[PDB]
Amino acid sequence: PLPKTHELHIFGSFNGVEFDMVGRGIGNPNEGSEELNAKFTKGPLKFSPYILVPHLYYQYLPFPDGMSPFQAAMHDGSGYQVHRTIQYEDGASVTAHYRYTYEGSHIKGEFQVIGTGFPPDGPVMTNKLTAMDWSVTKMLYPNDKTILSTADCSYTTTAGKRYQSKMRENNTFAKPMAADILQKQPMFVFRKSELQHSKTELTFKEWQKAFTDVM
């Protein structure tokens, strides 16, 4: 089935210090929307919550004329895994690996996220990020089981200068993607994120829209 609900377990470390968080949410797989709440297990994170945005569910993304490959792989249970790198302009790096299991229309995510090299005086460790800019991701299918996706990402900051990164990932499928997917390349995805947080929890929302054209 298409998803209705999801849970998240995100674990790993930033600058060598372990973190762990759990959250739960819902979404609309016909519209590419999702929302998630996460209560901190033991006080605020030691870094900007905004750095978590890409790690806070492509199963909610439909494609223009049917299921996305993500949806198809959830629907038949065969699945996919995500392997992502993010290189930040101040020399920090994040690597991430997402695994999923499904229980009918419920998704369970197990996301390992490792970040290093964030300067102690930089905008991540001193909580100066204010929002993530809207993004366009480019997707290509080098083979029938593999998506390569790239985006140039940026956050606004309290200082007014943007904090930029390069995001690259593979999405690796256990079963080939369908011909209706592979025949249309590149596929782009527009994404909007919203995050609010307090000292004790965060709320996250994302809107995603796949497109081959705007003209």
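Numbering starts at 1 and runs along the sequence shown.
Where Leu61 is followed by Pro62 in the displayed chain, the model omits none of the deposited residues that would sit between the two.
Set 133-141 against 74-82 and average the Cα temperature factors; 74-82 ends up higher. The mean Cα B-factor in the deposited entry runs higher for 121-129 than for the other of 86-94 and 121-129.
When the C-alpha B-factors of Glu169, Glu34, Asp65, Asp152 are ranked from the entry, the top spot goes to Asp65.
By the numbers in the PDB entry, the CA B factor is greatest at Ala178 among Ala178, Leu148, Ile26, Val53.
When the modelled residues of the chain are ordered by C-alpha B-factor, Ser105 sits in the highest third. Per the PDB record, residue ranking by Cα B-factor puts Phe47 in the highest third of the chain. Compared with the other modelled residues of the chain, the Cα B-factor recorded for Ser165 ranks in the lowest third. When the CA B factors of the chain's modelled residues are split into thirds, the value for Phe19 lands in the highest one. The PDB entry assigns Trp207 a C-alpha temperature factor belonging to the lowest third of its chain's modelled residues.
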